[PDB]
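# Show me how the following folds:
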Amino acid sequence: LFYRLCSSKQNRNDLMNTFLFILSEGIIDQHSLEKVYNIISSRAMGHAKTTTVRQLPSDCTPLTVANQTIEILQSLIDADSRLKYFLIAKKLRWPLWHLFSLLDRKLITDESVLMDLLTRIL
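Numbering: from 1, shown residues only. Dropping the coordinates below:
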């Protein structure tokens, strides 16, 4: 579904931006994960922040969210051909550097699967 949506320029840009935002300020800690989840839920509802009361699922942890996000992003990069160009195109302005930040987080560096997928993307 995400690959199909990528055929649209606006949808592709928005989806990539949301992916990078999640991976940047989402996979830090449980509280940060909850904050980003509330932000995303409010965005889906129609506004930016609004109410900030949304309990996270019990089984949802930064590990699983990071795994799913990185898996989807790697699949998109492998399938689509114009996404890597978007990634390539203060250093946080360049989208690619966001992925670089992940190398400084214990949650990511401690997982073989996450490391493999991130290394494939890079």
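# looking at the chain, which residue ends up farthest from its center?
Computed with Cα atoms, centre = their mean, the residue of the chain farthest from its C-alpha average is residue 51, at 22.4 Å.
# Leaving out the residues flanking it, which one is nearest to that residue?
Distance criterion Cβ to Cβ, 6 or more residues apart in numbering; nearest residue to residue 51, sequence neighbours excluded, is residue 42 at 7.1 Å. C-beta coordinates here come from the backbone N, C-alpha and C atoms, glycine included.
# Might you report the residue contacts of residue 60?
Applying Cβ atoms under 8 Å, 6 or more residues apart in numbering, we find residue 60 in contact with 33, 37.
# can you check residue 19 too?
Counting by Cβ under 8 Å, 6+ apart, residue 19 touches 69, 72, 73.
# Please identify the helix or strand for it.
helix 9-25 (DSSP states H and E).
# Next, the spatially closest residue to residue 88 that is not a sequence neighbour: phi, psi?
Among residues not flanking residue 88 along the chain, residue 96 sits closest, at 6.2 Å (Cβ to Cβ, 6+ apart). Backbone torsions for residue 96, taken as degrees, to the nearest 10, come to phi -50, psi -40.
# my guess is residue 96 meets residue 86, correct?
No: in this structure residue 96 lies outside contact range of residue 86 using Cβ atoms under 8 Å: 9.6 Å.
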